$ cat data-v1.pdb   # PDB, C-alpha atoms
ATOM      1  CA  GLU A   1     -13.041  14.161 -11.140
ATOM      2  CA  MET A   2     -10.522  11.323 -11.551
ATOM      3  CA  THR A   3      -7.837  11.328 -14.225
ATOM      4  CA  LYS A   4      -7.609   7.816 -15.660
ATOM      5  CA  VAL A   5      -4.472   6.377 -17.357
ATOM      6  CA  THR A   6      -3.331   2.904 -18.422
ATOM      7  CA  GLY A   7       0.012   1.411 -19.278
ATOM      8  CA  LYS A   8       2.349  -1.545 -18.947
ATOM      9  CA  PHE A   9       4.369  -2.693 -16.023
ATOM     10  CA  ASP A  10       6.922  -5.356 -15.233
ATOM     11  CA  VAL A  11       7.114  -7.126 -11.866
ATOM     12  CA  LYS A  12       9.732  -9.298 -10.207
ATOM     13  CA  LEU A  13       8.826 -11.116  -6.955
ATOM     14  CA  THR A  14      11.692 -12.603  -4.884
ATOM     15  CA  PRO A  15      10.850 -15.232  -2.280
ATOM     16  CA  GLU A  16      11.590 -14.410   1.378
ATOM     17  CA  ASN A  17      11.187 -16.322   4.650
ATOM     18  CA  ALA A  18       7.836 -15.748   6.377
ATOM     19  CA  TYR A  19       7.898 -15.219  10.150
ATOM     20  CA  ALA A  20       4.829 -17.272  10.856
ATOM     21  CA  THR A  21       3.939 -20.790   9.732
ATOM     22  CA  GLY A  22       0.641 -21.882   8.164
ATOM     23  CA  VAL A  23      -1.436 -24.635   9.763
ATOM     24  CA  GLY A  24      -4.513 -26.569   8.740
ATOM     25  CA  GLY A  25      -3.565 -26.535   5.111
ATOM     26  CA  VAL A  26      -2.579 -22.869   5.025
ATOM     27  CA  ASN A  27       0.728 -21.895   3.459
ATOM     28  CA  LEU A  28       2.065 -18.415   4.213
ATOM     29  CA  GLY A  29       4.509 -16.439   2.115
ATOM     30  CA  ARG A  30       6.524 -13.281   2.109
ATOM     31  CA  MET A  31       7.955 -11.833  -1.081
ATOM     32  CA  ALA A  32      10.003  -8.772  -2.062
ATOM     33  CA  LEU A  33       8.482  -6.758  -4.910
ATOM     34  CA  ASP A  34      10.316  -4.822  -7.610
ATOM     35  CA  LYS A  35       8.273  -3.222 -10.356
ATOM     36  CA  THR A  36       8.764  -0.888 -13.305
ATOM     37  CA  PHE A  37       5.916   1.167 -14.679
ATOM     38  CA  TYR A  38       5.938   2.462 -18.223
ATOM     39  CA  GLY A  39       3.873   5.239 -19.845
ATOM     40  CA  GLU A  40       1.989   7.987 -18.044
ATOM     41  CA  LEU A  41       3.274   6.490 -14.811
ATOM     42  CA  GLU A  42       6.973   6.073 -15.542
ATOM     43  CA  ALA A  43       8.327   4.729 -12.319
ATOM     44  CA  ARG A  44      10.095   2.119 -10.267
ATOM     45  CA  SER A  45       8.702   0.539  -7.103
ATOM     46  CA  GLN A  46       9.931  -1.606  -4.288
ATOM     47  CA  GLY A  47       8.010  -3.203  -1.472
ATOM     48  CA  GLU A  48       6.868  -6.448   0.077
ATOM     49  CA  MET A  49       3.876  -8.725  -0.166
ATOM     50  CA  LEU A  50       2.456 -11.202   2.348
ATOM     51  CA  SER A  51       0.334 -14.128   1.211
ATOM     52  CA  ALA A  52      -1.877 -16.864   2.588
ATOM     53  CA  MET A  53      -2.811 -19.855   0.390
ATOM     54  CA  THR A  54      -5.557 -22.159   1.709
ATOM     55  CA  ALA A  55      -6.271 -25.845   1.011
ATOM     56  CA  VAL A  56      -9.168 -24.938  -1.256
ATOM     57  CA  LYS A  57      -8.409 -24.231  -4.887
ATOM     58  CA  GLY A  58      -8.511 -20.588  -5.917
ATOM     59  CA  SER A  59      -8.849 -19.391  -2.336
ATOM     60  CA  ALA A  60      -6.019 -17.150  -1.077
ATOM     61  CA  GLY A  61      -5.212 -13.709   0.320
ATOM     62  CA  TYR A  62      -2.433 -11.215  -0.425
ATOM     63  CA  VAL A  63      -1.454  -7.852   0.983
ATOM     64  CA  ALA A  64       1.355  -5.520   0.047
ATOM     65  CA  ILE A  65       2.925  -2.114   0.510
ATOM     66  CA  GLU A  66       5.141  -0.588  -2.149
ATOM     67  CA  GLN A  67       7.051   2.654  -2.518
ATOM     68  CA  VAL A  68       6.820   4.130  -6.000
ATOM     69  CA  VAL A  69       9.346   6.692  -7.308
ATOM     70  CA  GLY A  70       9.074   8.376 -10.684
ATOM     71  CA  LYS A  71       6.876  10.573 -12.825
ATOM     72  CA  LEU A  72       3.118  10.591 -13.189
ATOM     73  CA  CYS A  73       1.942  12.619 -16.183
ATOM     74  CA  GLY A  74       5.286  14.489 -16.113
ATOM     75  CA  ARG A  75       5.242  15.281 -12.387
ATOM     76  CA  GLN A  76       8.240  13.973 -10.530
ATOM     77  CA  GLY A  77       7.659  12.507  -7.147
ATOM     78  CA  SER A  78       6.812   9.491  -5.046
ATOM     79  CA  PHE A  79       3.820   7.796  -3.392
ATOM     80  CA  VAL A  80       2.948   4.542  -1.576
ATOM     81  CA  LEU A  81       0.500   1.913  -2.838
ATOM     82  CA  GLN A  82      -1.265  -0.381  -0.424
ATOM     83  CA  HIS A  83      -2.802  -3.688  -1.654
ATOM     84  CA  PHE A  84      -5.483  -6.010  -0.261
ATOM     85  CA  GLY A  85      -6.584  -9.026  -2.344
ATOM     86  CA  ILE A  86      -8.885 -11.950  -1.650
ATOM     87  CA  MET A  87      -9.283 -14.670  -4.278
ATOM     88  CA  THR A  88     -12.216 -17.058  -3.530
ATOM     89  CA  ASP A  89     -12.306 -19.182  -6.581
ATOM     90  CA  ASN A  90     -11.209 -12.124  -6.936
ATOM     91  CA  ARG A  91     -11.426  -8.821  -4.981
ATOM     92  CA  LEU A  92      -8.441  -6.414  -5.248
ATOM     93  CA  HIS A  93      -8.077  -2.960  -3.633
ATOM     94  CA  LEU A  94      -4.931  -0.969  -4.504
ATOM     95  CA  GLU A  95      -4.908   2.460  -2.969
ATOM     96  CA  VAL A  96      -2.542   5.418  -2.687
ATOM     97  CA  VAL A  97      -1.788   5.818   1.024
ATOM     98  CA  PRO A  98      -3.122   9.238   2.140
ATOM     99  CA  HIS A  99      -0.432  11.932   2.251
ATOM    100  CA  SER A 100       2.205   9.529   0.992
ATOM    101  CA  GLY A 101       2.516  11.675  -2.183
ATOM    102  CA  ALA A 102       5.678  13.785  -2.227
ATOM    103  CA  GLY A 103       7.545  16.054  -4.584
ATOM    104  CA  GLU A 104       5.292  17.210  -7.397
ATOM    105  CA  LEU A 105       2.961  14.337  -6.446
ATOM    106  CA  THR A 106       2.091  15.949  -3.138
ATOM    107  CA  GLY A 107      -1.656  15.747  -2.613
ATOM    108  CA  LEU A 108      -2.063  12.566  -4.708
ATOM    109  CA  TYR A 109      -5.182  10.413  -4.063
ATOM    110  CA  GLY A 110      -6.216   7.371  -6.067
ATOM    111  CA  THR A 111      -6.623   3.729  -6.792
ATOM    112  CA  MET A 112      -5.079   1.350  -9.307
ATOM    113  CA  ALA A 113      -6.301  -1.772 -11.112
ATOM    114  CA  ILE A 114      -4.392  -4.438 -12.964
ATOM    115  CA  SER A 115      -4.677  -7.163 -15.522
ATOM    116  CA  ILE A 116      -2.538  -9.516 -17.577
ATOM    117  CA  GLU A 117      -3.007  -9.868 -21.306
ATOM    118  CA  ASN A 118      -0.845 -12.448 -23.094
ATOM    119  CA  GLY A 119       1.790 -12.391 -20.354
ATOM    120  CA  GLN A 120       1.913  -8.587 -20.271
ATOM    121  CA  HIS A 121       0.928  -6.875 -17.053
ATOM    122  CA  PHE A 122      -1.094  -3.678 -17.420
ATOM    123  CA  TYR A 123      -2.188  -1.014 -14.939
ATOM    124  CA  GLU A 124      -5.049   1.465 -14.816
ATOM    125  CA  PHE A 125      -4.539   4.392 -12.383
ATOM    126  CA  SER A 126      -7.480   6.669 -11.327
ATOM    127  CA  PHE A 127      -6.092   9.640  -9.539
ATOM    128  CA  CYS A 128      -6.416  13.265  -8.579
ATOM    129  CA  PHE A 129      -4.744  15.861  -6.328
ATOM    130  CA  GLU A 130      -6.192  17.275  -3.063
ATOM    131  CA  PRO A 131      -6.474  21.074  -3.326
TER     132      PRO A 131
ATOM    133  CA  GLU B   1     -27.679 -13.653  12.595
ATOM    134  CA  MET B   2     -23.906 -13.535  12.894
ATOM    135  CA  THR B   3     -22.539 -14.311  16.343
ATOM    136  CA  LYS B   4     -20.554 -11.380  17.796
ATOM    137  CA  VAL B   5     -18.099 -12.061  20.591
ATOM    138  CA  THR B   6     -15.918  -9.526  22.399
ATOM    139  CA  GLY B   7     -12.743  -9.973  24.419
ATOM    140  CA  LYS B   8      -9.229  -8.771  25.237
ATOM    141  CA  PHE B   9      -6.099  -9.275  23.208
ATOM    142  CA  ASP B  10      -2.420  -8.307  23.643
ATOM    143  CA  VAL B  11       0.035  -7.893  20.792
ATOM    144  CA  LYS B  12       3.837  -7.808  20.620
ATOM    145  CA  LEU B  13       5.392  -6.141  17.570
ATOM    146  CA  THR B  14       9.001  -7.026  16.820
ATOM    147  CA  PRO B  15      10.744  -4.799  14.297
ATOM    148  CA  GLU B  16      12.187  -6.453  11.226
ATOM    149  CA  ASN B  17      14.089  -5.127   8.206
ATOM    150  CA  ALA B  18      11.840  -3.749   5.461
ATOM    151  CA  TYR B  19      12.949  -4.479   1.902
ATOM    152  CA  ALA B  20      12.043  -1.041   0.601
ATOM    153  CA  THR B  21      13.024   2.441   1.784
ATOM    154  CA  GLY B  22      10.512   5.189   2.186
ATOM    155  CA  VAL B  23      11.125   8.516   0.530
ATOM    156  CA  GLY B  24       9.384  11.856   0.613
ATOM    157  CA  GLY B  25       8.920  11.646   4.360
ATOM    158  CA  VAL B  26       7.472   8.128   4.309
ATOM    159  CA  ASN B  27       8.793   5.576   6.782
ATOM    160  CA  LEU B  28       8.184   1.933   5.815
ATOM    161  CA  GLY B  29       8.179  -0.892   8.313
ATOM    162  CA  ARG B  30       7.973  -4.615   8.619
ATOM    163  CA  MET B  31       7.186  -6.253  11.915
ATOM    164  CA  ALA B  32       6.663  -9.657  13.356
ATOM    165  CA  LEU B  33       3.383 -10.046  15.156
ATOM    166  CA  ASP B  34       2.735 -12.251  18.192
ATOM    167  CA  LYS B  35      -0.773 -11.987  19.682
ATOM    168  CA  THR B  36      -2.846 -13.586  22.393
ATOM    169  CA  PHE B  37      -6.649 -13.507  22.383
ATOM    170  CA  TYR B  38      -8.657 -14.107  25.570
ATOM    171  CA  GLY B  39     -12.256 -15.023  26.199
ATOM    172  CA  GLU B  40     -14.579 -16.445  23.568
ATOM    173  CA  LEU B  41     -11.642 -16.428  21.164
ATOM    174  CA  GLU B  42      -8.894 -18.027  23.239
ATOM    175  CA  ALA B  43      -5.925 -18.264  20.923
ATOM    176  CA  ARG B  44      -2.497 -17.274  19.883
ATOM    177  CA  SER B  45      -1.388 -15.894  16.570
ATOM    178  CA  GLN B  46       1.732 -15.157  14.640
ATOM    179  CA  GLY B  47       2.240 -13.152  11.435
ATOM    180  CA  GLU B  48       3.678  -9.981   9.986
ATOM    181  CA  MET B  49       2.637  -6.431   9.277
ATOM    182  CA  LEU B  50       3.905  -3.927   6.711
ATOM    183  CA  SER B  51       3.389  -0.227   7.419
ATOM    184  CA  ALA B  52       3.845   3.139   5.774
ATOM    185  CA  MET B  53       3.855   6.181   8.078
ATOM    186  CA  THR B  54       3.753   9.471   6.175
ATOM    187  CA  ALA B  55       5.098  12.929   7.021
ATOM    188  CA  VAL B  56       1.582  14.059   7.957
ATOM    189  CA  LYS B  57       0.431  13.343  11.469
ATOM    190  CA  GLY B  58      -2.431  10.920  11.563
ATOM    191  CA  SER B  59      -1.929   9.606   7.992
ATOM    192  CA  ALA B  60      -0.544   6.118   7.513
ATOM    193  CA  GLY B  61      -1.411   2.646   6.167
ATOM    194  CA  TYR B  62      -0.755  -0.872   7.291
ATOM    195  CA  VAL B  63      -1.499  -4.457   6.162
ATOM    196  CA  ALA B  64      -0.906  -7.765   7.985
ATOM    197  CA  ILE B  65      -1.590 -11.514   7.744
ATOM    198  CA  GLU B  66      -1.663 -13.649  10.835
ATOM    199  CA  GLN B  67      -2.296 -17.321  11.520
ATOM    200  CA  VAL B  68      -4.548 -17.860  14.542
ATOM    201  CA  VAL B  69      -4.651 -21.113  16.503
ATOM    202  CA  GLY B  70      -6.942 -21.762  19.419
ATOM    203  CA  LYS B  71     -10.539 -22.054  20.405
ATOM    204  CA  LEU B  72     -13.576 -20.094  19.299
ATOM    205  CA  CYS B  73     -16.595 -20.655  21.536
ATOM    206  CA  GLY B  74     -14.929 -23.774  22.810
ATOM    207  CA  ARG B  75     -14.103 -25.268  19.424
ATOM    208  CA  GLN B  76     -10.471 -25.872  18.547
ATOM    209  CA  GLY B  77      -9.078 -24.870  15.181
ATOM    210  CA  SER B  78      -7.178 -22.317  13.218
ATOM    211  CA  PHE B  79      -7.822 -19.558  10.701
ATOM    212  CA  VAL B  80      -6.032 -16.643   9.030
ATOM    213  CA  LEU B  81      -6.802 -12.979   9.605
ATOM    214  CA  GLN B  82      -5.985 -10.354   6.925
ATOM    215  CA  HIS B  83      -5.773  -6.678   7.726
ATOM    216  CA  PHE B  84      -5.900  -3.531   5.631
ATOM    217  CA  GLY B  85      -5.887  -0.252   7.541
ATOM    218  CA  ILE B  86      -5.803   3.286   6.167
ATOM    219  CA  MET B  87      -5.616   6.159   8.653
ATOM    220  CA  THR B  88      -6.332   9.791   7.833
ATOM    221  CA  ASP B  89      -6.481  12.535  10.500
ATOM    222  CA  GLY B  90      -5.826   9.910  13.156
ATOM    223  CA  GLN B  91      -8.860   7.864  12.226
ATOM    224  CA  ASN B  92      -8.027   4.320  11.173
ATOM    225  CA  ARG B  93     -10.458   2.746   8.766
ATOM    226  CA  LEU B  94      -9.726  -0.981   9.220
ATOM    227  CA  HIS B  95     -10.869  -3.937   7.171
ATOM    228  CA  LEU B  96     -10.056  -7.181   8.997
ATOM    229  CA  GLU B  97     -11.500 -10.476   7.750
ATOM    230  CA  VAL B  98     -11.006 -14.215   7.985
ATOM    231  CA  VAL B  99      -9.429 -15.393   4.724
ATOM    232  CA  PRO B 100     -12.044 -17.661   3.087
ATOM    233  CA  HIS B 101     -11.362 -21.368   3.483
ATOM    234  CA  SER B 102      -8.479 -20.673   5.916
ATOM    235  CA  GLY B 103     -10.590 -22.184   8.725
ATOM    236  CA  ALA B 104      -9.310 -25.587   9.871
ATOM    237  CA  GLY B 105     -10.094 -28.265  12.437
ATOM    238  CA  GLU B 106     -13.357 -27.529  14.190
ATOM    239  CA  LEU B 107     -13.238 -24.011  12.682
ATOM    240  CA  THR B 108     -13.517 -25.395   9.169
ATOM    241  CA  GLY B 109     -15.970 -23.140   7.267
ATOM    242  CA  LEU B 110     -15.397 -20.090   9.458
ATOM    243  CA  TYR B 111     -16.474 -16.754   8.012
ATOM    244  CA  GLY B 112     -16.002 -13.429   9.741
ATOM    245  CA  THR B 113     -14.904  -9.856  10.254
ATOM    246  CA  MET B 114     -13.285  -8.300  13.258
ATOM    247  CA  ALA B 115     -13.188  -4.810  14.687
ATOM    248  CA  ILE B 116     -10.574  -3.555  17.128
ATOM    249  CA  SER B 117     -11.209  -1.209  20.022
ATOM    250  CA  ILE B 118      -9.390   0.024  23.090
ATOM    251  CA  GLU B 119     -10.595   0.814  26.598
ATOM    252  CA  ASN B 120      -8.413   2.009  29.442
ATOM    253  CA  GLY B 121      -5.252   1.042  27.538
ATOM    254  CA  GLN B 122      -6.505  -2.491  26.746
ATOM    255  CA  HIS B 123      -7.179  -3.696  23.202
ATOM    256  CA  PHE B 124     -10.411  -5.521  22.573
ATOM    257  CA  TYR B 125     -11.629  -7.524  19.619
ATOM    258  CA  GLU B 126     -15.229  -7.614  18.422
ATOM    259  CA  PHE B 127     -15.546 -10.681  16.168
ATOM    260  CA  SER B 128     -18.642 -11.289  14.044
ATOM    261  CA  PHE B 129     -18.598 -14.738  12.601
ATOM    262  CA  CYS B 130     -20.558 -17.657  11.260
ATOM    263  CA  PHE B 131     -19.897 -20.888   9.395
ATOM    264  CA  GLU B 132     -20.399 -21.724   5.725
ATOM    265  CA  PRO B 133     -22.423 -24.846   4.902
ATOM    266  CA  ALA B 134     -20.409 -28.065   5.162
TER     267      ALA B 134
END

$ encode --input "data-v1.pdb" --output "structure tokens"
Amino acid sequence: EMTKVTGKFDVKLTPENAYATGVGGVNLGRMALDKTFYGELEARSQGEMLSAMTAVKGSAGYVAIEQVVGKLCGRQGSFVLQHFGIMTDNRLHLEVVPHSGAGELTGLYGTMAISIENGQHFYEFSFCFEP
Amino acid sequence: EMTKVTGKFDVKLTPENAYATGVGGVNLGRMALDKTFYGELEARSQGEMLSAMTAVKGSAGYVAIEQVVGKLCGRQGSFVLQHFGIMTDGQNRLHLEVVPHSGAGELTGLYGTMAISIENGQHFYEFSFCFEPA
């Protein structure tokens, strides 16, 4: 039922000042996100990420929301991706926010995955359209 | 068995400037969060939330990270809570967990998930927690 595509993306993450302060070995972060997707998703995104690093190695959490604008498989539109990640020594959920799809991407539903191979970021996007 | 404690909390949301701009009917937000928990979790927290409201009533998403400081069943410490909420048709499906190894002080090793309810206009937390072996 899901269409499945992969491609490359670039990401730039600019530090920002976090409202709250970490205690007990926690360090909190806020970052601005700018990304460019190439291939079947040919798009630009902007958003923000929040982060919490703990005093234990490899243990951290991230969340983000990003607005994507471009083309998916030729259809011009926009949608929002919402991220939840927990690294303990990794669990990542990246989901299209329901009814965030607009333009020719109205009705979009789906989830994305990512990886990094030799410094190159890649995405997989599993998606479909609500009838 | 997990211990499950229930109690009141209040939250203040202060609007901040979101980096991105929503399009296609989406409105994106960033807010500062200041909360107070009462009862078995007696604590204060600060953090931020990011939200996306869509053009369709009852459909939205939000995420947040907050640092909690206070007492849980009498023991003083801190931990971080991490939220991921997706609402469709007005029904929020919320995942809210303690970030592993964020527990400090006497709450070192804290593990847990929290649910959020409302009764007569008052928010309540239901917090199921335990501790990992020292």

$ atom_distance --input "data-v1.pdb" --atom1 "CA of residue 55 in chain B" --atom2 "CA of residue 107 in chain A"
12.1 Å

$ interface_residues --input "data-v1.pdb" --of "chain A" --to "chain B" --cutoff "8 Å" --atoms "all atoms listed in the file" --output "VMD selection string"
chain A and resid 18 to 26 32 46 to 48 50 to 56 59 to 61 63 to 67 77 to 80 82 to 84 86 88 97 to 103

$ closest_residue --input "data-v1.pdb" --among "A:115, A:14, A:81, A:75" --to "residue 129 in chain A" --atoms "all atoms listed in the file"
A:75

$ closest_residue --input "data-v1.pdb" --among "B:75, B:96, B:2, B:37" --to "residue 122 in chain B" --atoms "only C-alpha atoms"
B:37

$ closest_residue --input "data-v1.pdb" --among "A:57, A:131, A:108, A:15" --to "residue 89 in chain A" --atoms "all atoms listed in the file"
A:57

$ atom_distance --input "data-v1.pdb" --atom1 "CA of residue 106 in chain A" --atom2 "CA of residue 33 in chain A"
23.7 Å

$ decode --input "data-v1.pdb" --residues "range 110-125 of chain A" --atoms "N, CA, C and O atoms" --output "PDB file, in the first residue's frame"
ATOM      1  N   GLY A 110       2.492   9.213   5.846  1.00  0.00           N
ATOM      2  CA  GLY A 110       3.743   8.470   5.715  1.00  0.00           C
ATOM      3  C   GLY A 110       4.795   8.690   6.761  1.00  0.00           C
ATOM      4  O   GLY A 110       4.626   9.446   7.706  1.00  0.00           O
ATOM      5  N   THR A 111       5.884   7.958   6.606  1.00  0.00           N
ATOM      6  CA  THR A 111       6.952   7.964   7.561  1.00  0.00           C
ATOM      7  C   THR A 111       8.245   7.956   6.764  1.00  0.00           C
ATOM      8  O   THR A 111       8.284   7.452   5.635  1.00  0.00           O
ATOM      9  N   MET A 112       9.287   8.523   7.351  1.00  0.00           N
ATOM     10  CA  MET A 112      10.599   8.561   6.725  1.00  0.00           C
ATOM     11  C   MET A 112      11.620   7.879   7.612  1.00  0.00           C
ATOM     12  O   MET A 112      11.423   7.753   8.814  1.00  0.00           O
ATOM     13  N   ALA A 113      12.699   7.412   7.007  1.00  0.00           N
ATOM     14  CA  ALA A 113      13.867   6.880   7.724  1.00  0.00           C
ATOM     15  C   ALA A 113      15.085   7.525   7.118  1.00  0.00           C
ATOM     16  O   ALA A 113      15.050   8.002   5.982  1.00  0.00           O
ATOM     17  N   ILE A 114      16.177   7.481   7.869  1.00  0.00           N
ATOM     18  CA  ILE A 114      17.427   8.072   7.430  1.00  0.00           C
ATOM     19  C   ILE A 114      18.639   7.265   7.766  1.00  0.00           C
ATOM     20  O   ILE A 114      18.606   6.398   8.641  1.00  0.00           O
ATOM     21  N   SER A 115      19.730   7.585   7.074  1.00  0.00           N
ATOM     22  CA  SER A 115      21.008   6.968   7.347  1.00  0.00           C
ATOM     23  C   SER A 115      22.103   7.849   6.774  1.00  0.00           C
ATOM     24  O   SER A 115      21.838   8.817   6.070  1.00  0.00           O
ATOM     25  N   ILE A 116      23.332   7.524   7.110  1.00  0.00           N
ATOM     26  CA  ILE A 116      24.486   8.287   6.641  1.00  0.00           C
ATOM     27  C   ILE A 116      25.475   7.259   6.180  1.00  0.00           C
ATOM     28  O   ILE A 116      25.792   6.334   6.925  1.00  0.00           O
ATOM     29  N   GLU A 117      25.894   7.392   4.927  1.00  0.00           N
ATOM     30  CA  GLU A 117      26.847   6.489   4.308  1.00  0.00           C
ATOM     31  C   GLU A 117      27.956   7.395   3.790  1.00  0.00           C
ATOM     32  O   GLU A 117      27.725   8.233   2.916  1.00  0.00           O
ATOM     33  N   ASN A 118      29.142   7.247   4.376  1.00  0.00           N
ATOM     34  CA  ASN A 118      30.352   7.936   3.927  1.00  0.00           C
ATOM     35  C   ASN A 118      30.091   9.428   3.842  1.00  0.00           C
ATOM     36  O   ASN A 118      30.291  10.051   2.798  1.00  0.00           O
ATOM     37  N   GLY A 119      29.596   9.969   4.947  1.00  0.00           N
ATOM     38  CA  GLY A 119      29.234  11.392   5.050  1.00  0.00           C
ATOM     39  C   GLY A 119      27.984  11.856   4.319  1.00  0.00           C
ATOM     40  O   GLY A 119      27.565  12.992   4.489  1.00  0.00           O
ATOM     41  N   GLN A 120      27.390  11.007   3.492  1.00  0.00           N
ATOM     42  CA  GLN A 120      26.217  11.391   2.729  1.00  0.00           C
ATOM     43  C   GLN A 120      24.984  10.953   3.493  1.00  0.00           C
ATOM     44  O   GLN A 120      24.873   9.795   3.887  1.00  0.00           O
ATOM     45  N   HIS A 121      24.088  11.895   3.732  1.00  0.00           N
ATOM     46  CA  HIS A 121      22.793  11.598   4.310  1.00  0.00           C
ATOM     47  C   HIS A 121      21.863  11.103   3.186  1.00  0.00           C
ATOM     48  O   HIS A 121      21.810  11.673   2.075  1.00  0.00           O
ATOM     49  N   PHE A 122      21.115  10.061   3.533  1.00  0.00           N
ATOM     50  CA  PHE A 122      20.088   9.462   2.708  1.00  0.00           C
ATOM     51  C   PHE A 122      18.764   9.390   3.457  1.00  0.00           C
ATOM     52  O   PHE A 122      18.751   9.172   4.674  1.00  0.00           O
ATOM     53  N   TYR A 123      17.664   9.541   2.712  1.00  0.00           N
ATOM     54  CA  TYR A 123      16.325   9.259   3.204  1.00  0.00           C
ATOM     55  C   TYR A 123      15.637   8.082   2.487  1.00  0.00           C
ATOM     56  O   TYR A 123      15.822   7.856   1.300  1.00  0.00           O
ATOM     57  N   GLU A 124      14.787   7.392   3.224  1.00  0.00           N
ATOM     58  CA  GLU A 124      13.731   6.552   2.661  1.00  0.00           C
ATOM     59  C   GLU A 124      12.392   7.190   3.102  1.00  0.00           C
ATOM     60  O   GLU A 124      12.255   7.622   4.242  1.00  0.00           O
ATOM     61  N   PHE A 125      11.437   7.244   2.200  1.00  0.00           N
ATOM     62  CA  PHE A 125      10.109   7.811   2.457  1.00  0.00           C
ATOM     63  C   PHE A 125       9.036   6.803   1.995  1.00  0.00           C
ATOM     64  O   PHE A 125       8.990   6.458   0.814  1.00  0.00           O
TER      65      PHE A 125
END
